[PDB]
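The form solved without the partner chain is given below as one chain in structure tokens.
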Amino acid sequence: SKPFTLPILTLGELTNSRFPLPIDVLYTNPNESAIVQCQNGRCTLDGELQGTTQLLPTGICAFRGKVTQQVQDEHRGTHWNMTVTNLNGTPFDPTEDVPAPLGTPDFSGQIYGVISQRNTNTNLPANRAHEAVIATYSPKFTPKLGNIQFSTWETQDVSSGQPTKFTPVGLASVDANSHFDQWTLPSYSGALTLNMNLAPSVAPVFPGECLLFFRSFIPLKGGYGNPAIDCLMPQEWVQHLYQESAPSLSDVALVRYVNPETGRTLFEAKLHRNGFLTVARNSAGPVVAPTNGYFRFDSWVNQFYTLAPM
């Protein structure tokens, strides 16, 4: 039985699995009323990728496809309809058992980034890039049907029928009108259609426990705010578990957050088979820990195991 392991990486050596950001802090929020059911950064302890999760850090919240039409906004800006493929360029097959093309954003909001194009025809091809926003709550956001819309400040210089890349950067806004909610899933096929093939929701099952997140702060194009994106496991953990595919010997692994210099354990956590952490903590906010700390697998336990309080 191949022994289960986690990579040896400090917080400062980890990246977010839900947006291309470094991990900034560990974080808890016990009183969260929302169902936590993100679709990126989802992987079982035995290496099964779930939801829209793929392996490339460059694939998270990315799109590839071709623009088909320009449609002007009523008040300001320009919108562009885009047909999307798989990130590897192959046609996206809606009959595959995934919620949407892998890498598709898994939250409601205005995602800010850059649309770039390199033409097919030519001796060297023409190029252009512009800032763009994808409103994942929009009726036009239908990646499961193979089509989305992005908007630009640029009024004209986006070409139809040419290879197009979306590189995510941050959020456009977190104002009331911008509908940012990291735990609200997009309707991958539009508002009247149910999402399908979803990674399951995650929650503590044992009183006094709460979810433990790897938190990153996400840039803003404008406005006031300090928005964050919380993932269940960093991208490096997804990559590691996928590689190893070690058999899960129970439904709950016990892990210890250790300071390697002292060798002391700072706290312990349950790492659940479905790929998420819980701790015994009754407060919200960042976990204050030495920069050299990392998680080390200790042993397999069960749902009834009582964690040492934080």
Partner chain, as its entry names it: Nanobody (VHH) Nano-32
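Just so we're on the same page, rigid core means the largest C-alpha set that superposes within 1.5 Å between forms. Shifts are known only where both forms have a C-alpha. Numbering follows the first chain given and starts at 1.
The same protein also exists as the form solved in complex with the partner chain; that form is not shown, yet it is the one meant from here on.
In the entry with it bound, none of the heavy atoms of residue 190 sits within 4.5 Å of a heavy atom of the partner chain.
Interface membership of residue 121, defined by any non-hydrogen atom within 4.5 Å of the partner chain in the entry with it bound, is confirmed. Within this chain, residue 72 is remote from the site of the partner chain in the entry with it bound, having no heavy atom within 4.5 Å. Although the partner is absent here, residue 107 lies well away from the partner chain in the entry with it bound, with no heavy atom inside 4.5 Å. Along 83-103, a non-hydrogen atom within 4.5 Å of the partner chain in the entry with it bound is carried by 85, 88, 89, 90, 91, 92, 93, 94, 95, in order along the sequence. Only 260, out of 57, 47, 260, 30, shows a C-alpha shift of 2 Å or more between the shown form and the other one on alignment of the rigid core. Once both forms are fitted on their core, the CA shift for residue 156 between the shown form and the other one remains under 2 Å. Relative to the superposed core, residue 72 shifts its CA atom by 2 Å or more between the shown form and the other one.
By the rule of 2 Å per CA over three or more consecutive residues, the rigid core superposition between the shown form and the other one yields shifted runs at 72-76, 260-263.
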